[PDB]
Structure formats: C-alpha cells, structure tokens
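Enquirer: Structure below; questions to follow.
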Amino acid sequence: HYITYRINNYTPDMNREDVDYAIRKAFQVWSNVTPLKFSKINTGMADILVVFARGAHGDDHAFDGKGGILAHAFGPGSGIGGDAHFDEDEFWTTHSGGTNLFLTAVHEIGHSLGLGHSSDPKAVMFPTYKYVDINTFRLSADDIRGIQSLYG
C-alpha cells in the first residue's frame, strides 16, 4: 500500500533542493503519523493536491489572500483529499513572526491533510500555530493519532 506525495507550486525563496528537503519534513511528520508513504511521483494529482489562491480570485470570486480564513478548513474526506494553501495572510517571515518558516506547513497542512483539532493547551494541540525551532522540530502525542487513520 503505497501513497503519492508531492508539493505543487515551489515557493521561490531558496534553492529548490534546499527547500525541497524542508517542505518534505512537513509531510513527513504527517506521514510517519499516518498509514501511508511518500514516493517520487510525477505531477498528475493523487491523494494530496497542493492548491493555492492569491491575487486574482482563484477559480471563482472569493479571494483567499487576506479575506476569508487563516488556515484552510475541511479534512481528509469529501472536501478534497487534502489541500493546504500557504502564503496568503502571513507570508514567510522570521521564525518569531507571522509564518515560522516552512515549519508552519506541519500544522497548516494539518487542517487539510487531517483534522486533529484537539485544542489542548500547553502544547501545539491548540488550533493556533505554535512556534517551534526547526532544530527541535517534533510532534507530541495525541496529534500523532489525530491524523493516523482519518476518515477511513
């Protein structure tokens, strides 16, 4: 049972190979905590679809870039497999600012990929993005199962 994993739209910030390994971490933490796998697959949409909406009303009138909601809603099932849009009302800023580097992708995508809300204080379980040094990057209990076998 193998699953496809990819990240559409490469954020033009650093080296493709450099960021590639970084952005991969986000999907990794969510992968190792879920019954699936990530392999090299061509761009043809499968399981996860990285969707974005900025500037011009993507698809239809709506505007996601600062004019809707912080992070995407809906989880794995019905509302698309799992689309996580980044850079809309936060932008890539200092680790101690709006968007805490690609790290935010972990929690961000958590909404689309899974839906382990929990809302537990004194941890990242909360619905809000919790800062975390890339060095000490890691997920605590609960969240590990909050996505494992979601809508299956």
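Every chain in the structure tokens has a letter given in the order shown (A, B, ...), and although residue numbers restart at 1 in each chain, ligands are simply numbered from 1 in the order shown.
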Identify, on the basis of only C-alpha atoms, every residue whose closest approach to residue A:74 does not exceed 7 Å; exclude the query and any residue fewer than 4 positions from it along the same chain; express the result as a count of residues only.

Expert: 3

Enquirer: Compile the contact shell of residue A:48 as a list in words: residues with an atom at most 10 Å away, counting only C-alpha atoms, same-chain residues fewer than 3 positions apart removed.

Expert: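 The filter keeps residues 3, 4, 5, 6, 7, 8, 45, 51, 76, 80, 81, 82, 83, 84, 112 and 113 of chain A.
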
Enquirer: Could you turn the residues from that selection into a file that holds N, CA and C atoms, as a CSV table (one decimal), in the first residue's frame?

Expert:
```csv
chain,number,residue,atom,x,y,z
A,3,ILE,N,1.5,5.4,-1.2
A,3,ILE,CA,0.8,6.6,-1.4
A,3,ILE,C,1.7,7.6,-2.1
A,4,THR,N,1.1,8.5,-2.9
A,4,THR,CA,1.8,9.6,-3.6
A,4,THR,C,1.9,10.8,-2.7
A,5,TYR,N,3.1,11.5,-2.8
A,5,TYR,CA,3.3,12.7,-2.0
A,5,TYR,C,4.1,13.7,-2.8
A,6,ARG,N,3.5,14.9,-3.0
A,6,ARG,CA,4.2,16.0,-3.7
A,6,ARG,C,3.7,17.4,-3.2
A,7,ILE,N,4.5,18.4,-3.6
A,7,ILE,CA,4.1,19.8,-3.2
A,7,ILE,C,4.1,20.7,-4.4
A,8,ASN,N,2.9,21.0,-4.9
A,8,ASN,CA,2.8,21.9,-6.1
A,8,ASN,C,3.1,23.3,-5.7
A,45,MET,N,-1.5,14.8,-9.9
A,45,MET,CA,-2.6,14.8,-8.8
A,45,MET,C,-2.8,13.4,-8.3
A,51,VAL,N,-3.2,23.1,-3.4
A,51,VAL,CA,-4.0,24.2,-4.1
A,51,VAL,C,-3.7,25.5,-3.4
A,76,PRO,N,-9.5,15.3,5.5
A,76,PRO,CA,-9.4,14.3,4.5
A,76,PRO,C,-10.7,13.5,4.3
A,80,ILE,N,-12.2,17.3,-0.8
A,80,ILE,CA,-10.9,17.1,-1.4
A,80,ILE,C,-10.0,16.3,-0.4
A,81,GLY,N,-9.1,15.5,-1.0
A,81,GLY,CA,-8.2,14.7,-0.2
A,81,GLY,C,-7.5,15.5,0.8
A,82,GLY,N,-6.9,16.6,0.5
A,82,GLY,CA,-6.2,17.5,1.4
A,82,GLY,C,-5.4,18.6,0.8
A,83,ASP,N,-6.0,19.8,0.6
A,83,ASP,CA,-5.2,20.9,0.0
A,83,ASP,C,-4.9,21.9,1.1
A,84,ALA,N,-3.6,22.2,1.2
A,84,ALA,CA,-3.1,23.2,2.1
A,84,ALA,C,-2.5,24.4,1.4
A,112,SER,N,-6.0,20.4,6.2
A,112,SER,CA,-6.3,19.8,5.0
A,112,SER,C,-6.0,18.3,5.1
A,113,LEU,N,-4.8,17.9,5.3
A,113,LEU,CA,-4.4,16.5,5.4
A,113,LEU,C,-5.2,15.8,6.4
```

Enquirer: Which residue is closest to residue A:93? Choose from A:41, A:70, A:34, A:13 and count only C-alpha atoms.

Expert: A:13

Enquirer: Would you kindly return, as an MDAnalysis selection string, each protein, DNA or RNA residue with an atom no farther than 12 Å from any atom of stretch 138-142 of chain A, considering only C-alpha atoms and excluding same-chain residues fewer than 2 positions away?

Expert: chainID A and resid 25:26 28:33 103 106:107 110 115:120 122:126 130:136 144:148

Enquirer: Here is a test: counting only C-alpha atoms, which residue of A:86, A:91, A:102, A:151 is nearest to residue A:52?

Expert: A:86
